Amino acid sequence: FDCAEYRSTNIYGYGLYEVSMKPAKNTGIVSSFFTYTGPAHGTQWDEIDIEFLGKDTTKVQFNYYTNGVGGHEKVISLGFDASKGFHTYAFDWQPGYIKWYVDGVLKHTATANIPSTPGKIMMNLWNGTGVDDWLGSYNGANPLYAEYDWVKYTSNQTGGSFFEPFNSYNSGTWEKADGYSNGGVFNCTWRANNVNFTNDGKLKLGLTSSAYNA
């Protein structure tokens, strides 16, 4: 299977992160929005997530890692099927807390071990393996798509905030991952061809089958 990941070329720190998106629905996959940095960037592993388990798009899972330590999962019931339309998700990441919101309403707050290292803004869609209890077993359904209408970041004591509407590939600010696979539980290869932009200005990530899957 071929999957998709769009990520920022620069790094960002404390500030408010907002994304308007519509994840994909299907057992075995994840659609997400998150910050990430790690060792392959000579840092501790720090990440804040917003993930939709395709197995149940009426819920959202929040998590974060500080120095490679995770285990802060929090699943919340949205009260709607995220896969049916665009909603705004966000997290405000400050030195002493992380607050997550859904359509402007505070849904969860974390204060233990909040991360500090700026990371890149990443969005991806993939099928997993080896973690059937968490994601459900992937049944090869394809093609599947996750859509993003816009990303906005408001820096604290940082430099530049930005607004990205996804009208087209802005390669000066983002990159499409290509030709490698994260390995581990990610059971697909990232492909730049699977990162596309629709006509009405949405980022569209696709999950498709490869020759050996048919």
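The first residue of the shown sequence is 1; numbering continues from there.
Undergrad: Per the record, averaged over C-alpha atoms, which has the higher B-factor: 183 to 191 or 37 to 45?
TA: The stretch with the larger mean CA B-factor is 37 to 45.
Undergrad: Got a sec? Mean C-alpha B-factor, which is higher, 86 to 94 or 133 to 141?
TA: Stretch with the higher mean C-alpha B-factor: 133 to 141.
Undergrad: If you compare 32, 57, 63, 155, which has the highest Cα B-factor in the entry?
TA: Among 32, 57, 63, 155, the highest C-alpha B-factor in the entry belongs to 155.
Undergrad: What third of the chain does residue 163 rank in for C-alpha temperature factor, lowest, middle or highest?
TA: Tercile = middle for this residue's CA B-factor.
Undergrad: Lowest, middle or highest third: where is residue 151 by C-alpha B factor in its chain?
TA: Lowest third - that is where residue 151 ends up once the chain's C-alpha B-factors are sorted.
Undergrad: Consider only the C-alpha atoms of the modelled residues in this chain, order them by B-factor as the entry records it, and name the third containing residue 207: lowest, middle or highest.
TA: Answer is middle: the recorded C-alpha B-factor places it there.
Undergrad: Ranking the modelled residues of this chain by C-alpha B-factor as given in the entry, is residue 106 in the lowest, middle or highest third?
TA: For residue 106, whose C-alpha B-factor we compare with every modelled residue in the chain, the answer is the highest third.
Undergrad: Once the chain's modelled residues are ordered by C-alpha B factor and cut into thirds, is residue 170 in the lowest, middle or highest one?
TA: Highest third.
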